[PDB]
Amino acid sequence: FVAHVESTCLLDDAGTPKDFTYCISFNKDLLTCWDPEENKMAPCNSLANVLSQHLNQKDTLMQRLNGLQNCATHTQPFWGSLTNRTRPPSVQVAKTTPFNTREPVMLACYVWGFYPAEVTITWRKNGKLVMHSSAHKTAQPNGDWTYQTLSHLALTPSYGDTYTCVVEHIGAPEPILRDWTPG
């Protein structure tokens, strides 16, 4: 089996503690959690009750579950560095193997290395926006505090045309434009 003793801290941009949690689980079952109003561990069944009572007898824990102030002091040294953290994306446009389309050409605008995960992507053919497509893309986490996505544009090539990928992200002041043209 696997067991947990998980604590969570809900803090706002300012590092202000908004909520705090302390729950126990066994076999991926949330059994008991700290009830602030009742100031004691309450079941969330026999095991759950035995565990809330077993922990309710330890005054050390009872006085510790100061939960909101702990969240504050503990995170204080770094919280600001985290909520102010950003890293601009890198974007490139190149052709890719077309799929789910009748068009002979498919562009791929790659956006990687950005943080936070929120980003929006739109296309512009000769300066004019195109197509109902979700501009607020979902992103794949790299696990190192950077993300990546891609937007695809199906089209029929015309040598004079110029397609532009427009990426907008908080990590960058101005929108990022990447042009592409047949050949």
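Heads up: residue numbers just count along the shown sequence, starting at 1.
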Revision key, fill the gap. Mean B factor on CA atoms, stretches 122 to 130 and 139 to 147, record says higher is 122 to 130
Check your understanding: Higher mean Cα B-factor in the deposited model: 7 to 15 or 161 to 169?
Key -> 161 to 169
Check your understanding: Going by what the PDB entry lists, where does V93 fall on CA B-factor within its chain: lowest, middle or highest third?
Key -> lowest
Exercise for review: Name the third of the chain's ranked CA B-factors that contains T101, choosing lowest, middle or highest.
Suggested key: highest
Exercise for review: Using the B-factors in the PDB entry, rank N84's C-alpha atom against the chain and give the third, lowest, middle or highest.
Suggested key: highest
Practice item. Divide the modelled residues of the chain into thirds by Cα B-factor and specify which third, lowest, middle or highest, holds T32. Key: lowest
Check your understanding: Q63: which third of its chain by C-alpha temperature factor?
Key -> highest
